[PDB]
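Chemist: Structure provided below as C-alpha cells; questions to follow.
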Amino acid sequence: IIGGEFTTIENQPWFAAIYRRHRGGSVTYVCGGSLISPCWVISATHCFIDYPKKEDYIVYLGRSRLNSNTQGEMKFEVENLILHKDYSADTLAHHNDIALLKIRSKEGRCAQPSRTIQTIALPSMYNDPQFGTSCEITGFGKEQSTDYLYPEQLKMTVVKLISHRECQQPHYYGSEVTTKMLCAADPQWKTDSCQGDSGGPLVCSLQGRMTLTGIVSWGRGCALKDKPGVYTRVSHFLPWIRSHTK
Ligand SMILES: NCc1ccc(Br)cc1
C-alpha cells in the first residue's frame, strides 16, 4: 500500500495472509486474501499460477504483522487450491484473476470467528457502488514502488471507484480493462495498491454493509497518474464462486 495508514487486523478481520514454503524450508509472503466463509479464502489466481501445488502454502488469519506472530492468529494448510480455468495474462491485464483456497488447520478445522477473525460479505450480482465511491484496500505490499522490503505492519488506504468509460480510455488502460474488472484510484494519485497487495480486499459499503467489491489484481506501476489499480469485479463472478464452494 502506497500512502495510507498502518492498521491492525481488528480493522480488517477477514484479511488472510498467504505464504509459500520453499524446498529448503524458507517461508515467504505471497499475497493477501479474504475470508468469505469459515473454510474459504478468496484471492487472485495470478498469486498461485506458477506454483499451483496446494501443499506449498500456509494461510494465516488474525495476523497484523508480516514476519512475527500476532497474538490470537490461526494457521492453516490449504486443502484445495482452486484457480480459475479461464485465467489469462497478457503483458499487463490479468483476466479472471480469482482463486479460492479451502483452508484447514493441523487439527482439521476451518476459521473460528473472533475479535481478529471474521468473514466479509460478497456483493449481490452486478451490484457495485457508483463511480466516485470511496472504498478501502488492505495489504502487506510495498509502501513505495522503489522499496525492496515489504512493511512489517499491515496497511490500509482509501481509493475511489472509476467508471469503465474513464478507465478504458487509451491513456488509462484502453481495452485491457473489461466489465469483469473495476478500476480505483486516488484523485491526486497519491495512494494505491502495489506489489504484494495482490489477492487482498477492496471493500465498499453497499446498503450499509461492508462488501468485498474487488480483489487486488493488476496495475501499471503504483500511485501513477492515469494508471489506476485494477480489481477483479467480484459481483461478476458469483456463479463461479457458487459452483466451486459447494
Ligand atoms: N502487482 C500487483 C498490483 C496491483 C495493483 C497495483 Br495499483 C499495483 C500492483
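Sequence positions for chain A are given in Swiss-Prot numbering; the residues included correspond to 179-424, in order.
Method reported for this entry: X-ray crystallography, 1.2 Å.
Heads up, the Cβ atoms here are built off N, Cα and C, so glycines get one too.
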Chemist: Using the record from Swiss-Prot, pick out the residue from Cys288, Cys313, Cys345 that is joined to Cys217 by a disulfide.
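Modeler: So the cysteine that Swiss-Prot bonds to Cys217 would be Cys288.
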Chemist: If I look at Swiss-Prot, which residue among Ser242, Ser283, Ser323 would I find recorded as phosphoserine?
Modeler: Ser323
Chemist: Candidates are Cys209, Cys225, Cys382, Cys400. Which one does Swiss-Prot pair with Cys313 through a disulfide bond?
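Modeler: As annotated by Swiss-Prot, the paired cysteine is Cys382.
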Chemist: In Swiss-Prot, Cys209 is paired in a disulfide bond with which of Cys225, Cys345?
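Modeler: Swiss-Prot says the disulfide from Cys209 goes to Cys225.
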Chemist: Using a 6 Å cut-off on Cβ distance, which of the recorded positions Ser323, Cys372, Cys400 come close to any atom of ligand 1?
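Modeler: Cβ < 6 Å from ligand 1, in sequence order: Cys372, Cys400.
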Chemist: According to DSSP, does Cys345 (disulfide bond) fall in a helix, a strand, or coil?
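Modeler: Helix, per DSSP.
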Chemist: Let me check the 10 A CB neighbour count of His224 (active site, charge relay system). How many other CB atoms are there?
Modeler: 23
Chemist: Who sits close to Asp275 (active site, charge relay system): which same-chain residues at least 6 apart have their Cβ under 8 Å from its Cβ?
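Modeler: Correct list: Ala222, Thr223, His224, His262, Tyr265, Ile393, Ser395, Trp396, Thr410.
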